[PDB]
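# Observations on the model geometry
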Amino acid sequence: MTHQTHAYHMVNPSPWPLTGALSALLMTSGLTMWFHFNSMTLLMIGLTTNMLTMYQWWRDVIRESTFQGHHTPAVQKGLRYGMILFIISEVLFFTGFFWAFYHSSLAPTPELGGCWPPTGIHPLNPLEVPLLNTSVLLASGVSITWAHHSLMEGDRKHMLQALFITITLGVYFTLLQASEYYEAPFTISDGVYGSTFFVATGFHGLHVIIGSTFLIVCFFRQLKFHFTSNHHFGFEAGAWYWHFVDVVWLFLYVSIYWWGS
Amino acid sequence: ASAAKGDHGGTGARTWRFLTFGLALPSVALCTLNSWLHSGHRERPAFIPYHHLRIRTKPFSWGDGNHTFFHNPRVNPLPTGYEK
Amino acid sequence: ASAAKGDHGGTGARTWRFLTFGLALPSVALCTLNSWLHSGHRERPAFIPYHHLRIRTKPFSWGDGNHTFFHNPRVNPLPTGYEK
Amino acid sequence: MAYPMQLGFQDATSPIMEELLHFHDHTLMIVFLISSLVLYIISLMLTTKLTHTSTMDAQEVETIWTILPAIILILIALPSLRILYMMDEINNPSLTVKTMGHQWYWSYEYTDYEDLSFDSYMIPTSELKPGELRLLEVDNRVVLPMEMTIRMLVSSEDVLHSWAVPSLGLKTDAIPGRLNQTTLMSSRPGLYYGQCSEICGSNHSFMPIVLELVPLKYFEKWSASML
Amino acid sequence: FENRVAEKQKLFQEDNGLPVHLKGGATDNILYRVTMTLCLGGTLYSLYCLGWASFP
Amino acid sequence: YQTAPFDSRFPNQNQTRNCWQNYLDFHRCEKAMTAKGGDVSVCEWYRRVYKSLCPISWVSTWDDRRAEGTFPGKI
Amino acid sequence: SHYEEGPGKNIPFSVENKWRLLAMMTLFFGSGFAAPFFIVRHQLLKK
Amino acid sequence: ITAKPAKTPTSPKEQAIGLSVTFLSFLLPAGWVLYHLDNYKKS
Amino acid sequence: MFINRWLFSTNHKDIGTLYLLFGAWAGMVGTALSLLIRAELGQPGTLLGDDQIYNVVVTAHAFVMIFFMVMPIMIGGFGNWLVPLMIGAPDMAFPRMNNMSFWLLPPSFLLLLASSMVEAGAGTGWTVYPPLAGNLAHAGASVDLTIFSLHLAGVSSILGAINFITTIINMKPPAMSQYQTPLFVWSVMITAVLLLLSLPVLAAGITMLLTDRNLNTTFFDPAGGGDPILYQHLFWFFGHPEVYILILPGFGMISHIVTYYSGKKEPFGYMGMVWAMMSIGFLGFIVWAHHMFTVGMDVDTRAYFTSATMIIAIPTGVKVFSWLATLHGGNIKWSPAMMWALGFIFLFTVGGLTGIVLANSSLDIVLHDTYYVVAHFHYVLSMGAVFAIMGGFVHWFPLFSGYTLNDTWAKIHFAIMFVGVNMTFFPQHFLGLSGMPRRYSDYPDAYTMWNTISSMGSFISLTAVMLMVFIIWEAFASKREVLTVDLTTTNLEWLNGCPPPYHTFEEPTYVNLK
Amino acid sequence: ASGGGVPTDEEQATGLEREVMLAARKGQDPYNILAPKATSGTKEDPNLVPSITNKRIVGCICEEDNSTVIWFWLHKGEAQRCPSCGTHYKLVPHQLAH
Ligand code: HEA
Ligand code: HEA
Ligand SMILES: [Cu+2]
Ligand SMILES: [Cu+2]
Ligand SMILES: [Cu+2]
Ligand SMILES: [Mg+2]
Ligand code: NA
Ligand SMILES: [Zn+2]
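Residues numbered from 1 in each chain as written, not as in the entry; some residues may be left out. Chains lettered and ligands numbered in written order. Part of a larger assembly, values for the part shown. Heavy atoms only, no water.

Per the PDB record, the structure was determined using X-ray crystallography to 2.8 Å resolution.

This part covers the UniProt feature "binding site: Zn(2+)" in chain J. Under the feature "binding site: Zn(2+)", the UniProt entry names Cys60(J), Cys62(J), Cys82(J) and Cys85(J). The greatest C-alpha distance among the annotated residues, which extend across 26 residues, is 8.7 Å, indicating that they converge on a single site. The topology assignment puts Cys62(J) in the loop between β2 (55-60) and β3 (70-75). Ignoring any residue separated from it by four or fewer positions in sequence, one finds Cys62(J) in contact with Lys514(I), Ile70(J), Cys82(J), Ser84(J) and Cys85(J). Tracing the sequence through the fold places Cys82(J) in strand β4 (residues 80-82). Excluding residues within four positions of it along the chain, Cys82(J) makes contact with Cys60(J), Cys62(J), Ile70(J), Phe72(J), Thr87(J) and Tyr89(J). (UniProt positions renumbered as here; feature names shortened; annotations may be inferred. Helix = DSSP H or I, 4+ residues; strand = E, 2+ residues; numbered from the N terminus. Contact = heavy atoms within 4.5 Å.)

Next up on the list: the coordination of the sodium ion (ligand 7). Residue and element names in this part refer to chain I. Of the protein atoms, only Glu 40 (O), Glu 40 (OE), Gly 45 (O) and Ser 441 (O) coordinate the sodium ion (ligand 7), at distances of 2.4 to 2.5 Å. For the sodium ion (ligand 7), the donor residues sit on a single chain with the sequence spacing E-x4-G-x395-S. With respect to class, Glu 40 is no different from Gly 45; both count as buried. (Donors = N, O, S within 2.8 Å, 3.2 Å for Na, K, Ca; no water. Buried < 20%, exposed > 50% of the residue type's maximum accessible area, 1.4 Å probe, protein only.)

Another aspect to go through is the site of ligand 1. Residue and element names in this part refer to chain I. Surrounding ligand 1, one finds 31 residues, the nearest of these being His 61, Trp 126, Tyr 371, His 378 and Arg 439. At a separation of 2.7 Å, an oxygen atom of ligand 1 approaches a polar side-chain atom of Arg 439. For the shell around ligand 1, the element with the highest residue contribution is helix α15 (residues 371-401), accounting for 9 residues. Class assignment for the residues of the shell around ligand 1 results in 20 nonpolar, 8 polar and 3 charged. (Near = heavy atom within 4 Å. Polar contact = N/O pair within 3.5 Å; in protein donor to acceptor, adjacent residues only side chain to side chain. Nonpolar A, V, L, I, M, F, W, Y, C, P; charged D, E, K, R; others polar.)

We now examine the pattern of salt bridges. Considering all chains together, one arrives at 30 salt bridges over all chains under this definition. Between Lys51(F) and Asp115(D) there is a salt bridge; the shortest N-O distance is 3.5 Å. Highlighted residues: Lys51(F) in helix α2 (residues 44-53) and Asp115(D) in the loop between β2 (105-110) and β3 (116-120), drawn from two different chains. Between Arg47(F) and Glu44(F) there is a salt bridge whose closest N-O contact spans 2.7 Å. Here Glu44(F) and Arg47(F) lie together in helix α2, a separation of 3 residues that amounts to about one turn. With a relative accessible area of 27%, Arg47(F) lands in the partly exposed category. Residue classification places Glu44(F) among the partly exposed positions, given a relative accessible area of 36%. Through salt bridges that share partners, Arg59(A), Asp60(A), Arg63(A) and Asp28(E) make up one connected network. (Salt bridge = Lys/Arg side-chain N within 4 Å of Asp/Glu carboxyl O.)

Moving on to unusual backbone geometry. The omega torsion across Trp116(A) and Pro117(A) is 0°, close enough to zero to call that bond cis. Relative to the helices and strands, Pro117(A) resides in the loop between α3 (73-105) and α4 (129-152). In the segment running from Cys498(I) into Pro499(I), the intervening peptide bond is cis, with an omega of 0°. With respect to the element layout, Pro499(I) can be found in the loop between β1 (482-484) and β2 (510-511). Not every positive phi belongs to a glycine, and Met5(D) is a case in point at roughly 60°. Position of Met5(D) among the secondary structure elements: in the segment before α1 (15-45). One non-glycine residue, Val128(I), adopts positive backbone phi at about 30°.

This paragraph deals with the interface of chain I and chain D. In this complex, chain I contributes 84 residues to the contact, which on the side of chain D involves 74 residues. Contact between chain I and chain D buries roughly 6800 Å² in total, counting both sides, with carbon and sulfur atoms accounting for 68%. Contact with chain D buries surface across chain I, with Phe268(I), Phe321(I) and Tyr440(I) losing the most and accounting together for 9% of the total. Applying the counting criterion to the chain I and chain D interface returns 3 salt bridges. Summed over the shared surface of chain I and chain D, the number is 19 residue pairs in polar contact. Sorting elements by how many residues they give to the side of chain I that touches chain D places helix α12 (residues 313-327) of chain I first, with 9 residues. For the side of chain I that touches chain D, the residue count by class is 47 nonpolar, 27 polar and 10 charged. (Buried area = accessible area lost by both parts, 1.4 Å probe.)

All names here are of chain I. Over its 31 residues, helix α18 (residues 448-478) extends 46 Å from the first C-alpha to the last, a length consistent with the 45 Å expected when each residue adds 1.5 Å. Most of α18 is tucked away: 23 of the 31 residues are buried. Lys 479 sits one or two residues past α18 and shows a positive phi near 65°. (Expected span 1.5 Å × (residues − 1).)

Next up on the list: the nonpolar core. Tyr110(D), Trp163(D), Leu211(D), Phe78(I) and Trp396(I) are the most contacted members of the largest nonpolar core, which has 372 residues in total. Per-element tally for this core: the top contributor is helix α3 (residues 51-87) of chain I, with 23 residues. Those residues within four positions of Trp163(D) in sequence are excluded, and the remaining contacts are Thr99(D), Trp106(D), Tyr108(D), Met152(D), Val154(D), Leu170(D), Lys171(D), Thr172(D), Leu184(D), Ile209(D) and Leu211(D). Residues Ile314(I), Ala359(I), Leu367(I) and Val373(I) belong to the second largest nonpolar core, which totals 25 residues. (Core = buried A, V, L, I, M, F, W, Y, C linked by side-chain atoms within 4.5 Å.)

Residues and elements named next belong to chain F. Under the criterion given, the structure shown has 2 disulfides over all chains. What pairs with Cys 19 in a disulfide is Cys 54, and their sulfur atoms sit 2.0 Å apart. Around the S-S axis, the bridge from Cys 19 to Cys 54 shows a dihedral of about 110° and counts as right-handed. Linking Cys 19 in helix α1 (residues 16-34) with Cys 54 in the loop between α2 and α3 (56-68), this pair joins segments that are 35 residues apart in sequence. We classify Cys 19 as buried; its relative accessible area is 0%. Given a relative accessible area of 2%, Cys 54 falls into the buried group. Between the sulfur of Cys 29 and that of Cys 43 lies a disulfide, 2.4 Å long from S to S. (Disulfide = S-S within 2.5 Å.)

So, in structure tokens, the structure goes:
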């Protein structure tokens, strides 16, 4: 006792969970203010305290791992399970949206014209930009892989080089998708086709922005020599999440873009 | 179609840097060429006041509350018809 | 449907012997019950001389060369109609 | 309808409802068996000074308490599934009346030949005439021909409602943009009450259903007088 | 580039009795006091809005 | 004619399509016989059936839509 | 870690005076049970 | 489960008090609201 | 110092305690609402004036008891307190995150309270199904507030579900296999998996309702070609694993309680008891549609759902009989918690048997949306999940506090609530067979007796919950510190004394690899 | 390809991570990451339970596939025995304290 003989991390009291809980209260109630009393000051404060919390919380996590040496083998094996589990919960989140889509397309109501895509809808061509976005994402999947292997072989420059290519492909997909949204002849308000399309592809889009800022973080931690050829979990998590992101796109693509249109 | 490129689509940072510049990137270049080749801008579709489209059960929380977020005036008609 | 049975669907001969007798086999018992419950023998379908069925461009290399390998007289009509 | 201090189901006005009474008796007999067994075994366990706290062998007895409950479930599932397919069975209706839930009233439509259609509302207890049932009486009953296979088609013109009538053994939610079908078939004339069985807002509790079943002849004249 | 991770290691392993979220410096404290202030103020503001909204 | 008979192609509790199919079938037949004359003969059966099964408001809003030319179904 | 230990020290409310506790527990559970009642009065007093 | 005798035993009289205060803190505030329901319903 | 301990925590115990406090308080709120519900029904007529207030009241009752009382208590309270102790861990795998899972609950509760304050509140039923839940029938910020209260409550759980699985799996003594952890731990590991898989689907479903209410989507609006029934699928897909998420931890506590007071070293058929929970968890994902037997589905699928829903009785059956086998030949100690355990064993039985009746879609036609189902679920929730929470609380109170409760007062409390709950819910079986619908603020005159008796019953329970508050007070007031605890060889949570020090297991346990 | 640049653990691992790293290569396990291996457990060959104090909780899995672990505090002194199976255990000062 007093001094521990287990290989586990006992984290110091952190004000971040409170500051993040309070953060969600501000953001949700702030979104209610916007939706009804058309005001954004509350939502703006919430988003701010939210970034502040995520910044410092993950900051400390680096402090404890990289600088204070707390991430022993026992600890990392637990961080592995947590990320796997987290990704699984996210697979089931996107699962309700593909459910929504199939429920709608496999049996179109007469209000749509009793068919799919509904009359009046002019879907995009899957062979046009949707194919481009598919190749961009898939390419980043191979470049992020090259980056991971470089890391394990201690090739500092090439890891930075592969991670950079990967990051720019995610930004490329983001811009392309942004323009597609702007150019599309349909909208969230165009019934269940627009509903189902923009929220599923929308949430995934938000996931590419979250997966890219994650890799951007990994980029800088590397510039700053945080990762060793052997202990570099933040990058593995970053890579696991990035692969979750392509897979969801292949399922979106083959379902909504190809089949459902 | 299918696929089979001789061998080596596995293990070695060199092998993965090889696929990155020899398969991955060249693909993105082709698809980008294809996408830029059929960049034929569609004509704004005829506007018919269908009831299952341009839905509006509550005004949007921004602008005139009748304009969608990524509203593109050239291809998106308001409930009453094209912007102008 | 879906699936999620608490945990332990991985590593350990004990864990695998557990799934074998606790999930795998009980399943086969249920399905076997279901199969034995709807063992309702269908009535032999009406015979109509459709041209795209009972095909025969070359006699079979066995028997009267007009009888298929797992010929079941009760449900399989010859080209000319049911066996009897 | 239901009477004061009732325990079971309302008396069956149609053949499926009788069918359900018997099934429910079957099923209830079994839950009585099982729940009295589990209560006897418990008091048995708690009524002796004799002890055996050492390790006991499971499994051996585990097969009994696993295969036996499985046999019982088959004895319920069969009778149950029979009545279910029987409910969704191929009958040929001689009439098709539609009903449409509305936020706080049902409106019926008989449009087979003419274009008969009327609203139906609960009678404010203030204005009930002596002898009338407090939250059950409607101004315009839905008249139908007794002893006949009718096809009801439930829908709604707003939120969800649920068209129900216990005595006949019917319940079919009313969902906008959908046409749910159900077969009605009484074997006795009379007044049969039911109530909205799906929360639909403030007066979910005040929009009943009353079926008035009379012979065809009176049905035809009523229908016409009704327009 | 640099690689001064050891400088940081010593700094954060220094036995100054501080919790990791402060261990890093003076800015840690200002950042901390800012976050706590916006959260508390915001939570108060939202409470005010609920009151305002809970009356016709 | 009493009321729409059983239709094996719509054998389940949900009949929304049964209403819908017969309303299209009718108007399409009607439109044909018009753009053909054919002694201006008429496809009444569909109108009898869809009339039995479809709720009035569906039928009204549909006719309206056809008038303003915004009926999403193909006739 | 200067966190006290033992009976009555591992909770967020003082348990030294049985009467002050009587009053804290009363405001605590009491306020919870009363909230629903006053929320209803509130809805009944609006238009 | 064995235990030391009470450090600060609560005599019957003391319990009676606490049982009373506990009950009232539950019953009074609700009683008040409920007792006046008609007034609220009268505007 | 108070802040650092109670607001900036990273201690499984201090957090578990924080949950029990939140749980007990929310428990007070839900009790009040359950009494307004019966006040309104205890006499023919209308009490509350308007029906929307009644529905707002019925809805809030369900959310408060489910998301803010039962769940916090059983998983956050007993889960954080006992899990690390029973497997010998120094703490949870993610101490800092675990604290967020708690702190998300108070804001989540603020949102739900706010919703009943603004506008006319949300009188939608706890199923919050559209169109009633939409922007026409429920225009305004209330339902939206209800939808956000659940987003937060769901993030908190999904978050902690990750913590318990990682903890229970990654932090056991190296020589200890999973087939060596206590049943309560198994019960919370499986419950955690159900949360990990089902809660995200609700979050997707209610997000879709939110966009339909504010972003002009039409997922559930026929106009846009939507379908109000699709929402019913998404919700009930989460909704069934949820009913089991509420009973599993109780299954575990009961296994510990029944074994401990029979003086046994272990529960009968340990591995069968592990198989049973795992089965219940798995089948609980392929049965959701029994909640939709009067909605218009194809008979064949309605047939599949009653069959699938029935096979669940088999595994559940091996647990009811295993607990009985555990009392067999035991040296029974008639302590308060053993009473709570015996009640649960029987009352949960009755209530699950009553739910076998409803599994029958044919019969469900006429039982659905009536008080027969309100009876079914209150037996298992009010006399099952709640009885387990009381038995476990009186059993582990000395460990959490270091003080003991008055066993005689504890038994009066049982004796009162036993009568109360039974008198409240028993009659309701009748009311439903005889046709009285659910969600009604008033009923045809015939239903007057059973609702009259039933409401009276509800007043006895209130008495039992007032007495309980007193029981806790006098426990802390007298100060009877614990001296000796029985059967600790097999019950590791009691080895560090009552209450265990802030940091237990700084030095691991020692377990040999035979 | 070709080139270098990333630190190794051997050269960058600090804190307890480093401590379990080295200790591990010296063969020792001061942080209880691995499972102790049993001895005959006779009175003259007790299982030596190292401890950084004067009492340590011991869990004994009496028989191989047992689901119940028998727990007890082993104190500094004469070898004690599992209440259910005899089996001796003798405390011992814990080594690598850093
Ligand atoms: C666990 C869940 C839970 C619990 C325990 C209860 C408890 C109660 N509920 Fe129920 N109720 C629901 C969940 C619950 N309910 C749900 C889901 C609905 C459906 C809503 C809808 O239709 O949309 C419902 C509906 C509902 C109705 C139907 C209204 C209608 O449809 O018109 C009624 C009416 O009698 C009712 C009654 C009660 C009563 C009298 C209590 C009483 O038993 C209360 C007795 C007191 C307790 C049993 C709790 C005390 C325990 C504690 C406070 C813990 C203390 C803390 C520690 C020891 C640490 N409830
Ligand atoms: C604590 C949570 C809980 C539990 C554990 C259960 C368990 C069960 N429930 Fe329950 N149920 C609810 C809470 C719960 N339910 C709630 C909240 C609702 C209402 C939701 C709402 O609409 O608001 C509901 C609704 C509900 C319905 C729909 C009613 C309707 O709206 O029409 C159905 C239908 O199948 C059902 C069935 C069952 C069954 C099969 C079980 C089984 O799991 C029970 C199994 C138990 C046993 C059977 C006993 C033990 C076994 C033996 C002693 C062996 C021998 C037994 C036999 C031979 C049969 N429940
Ligand atoms: Cu209604
Ligand atoms: Cu209703
Ligand atoms: Cu269910
Ligand atoms: Mg219903
Ligand atoms: Na009433
Ligand atoms: Zn032993």
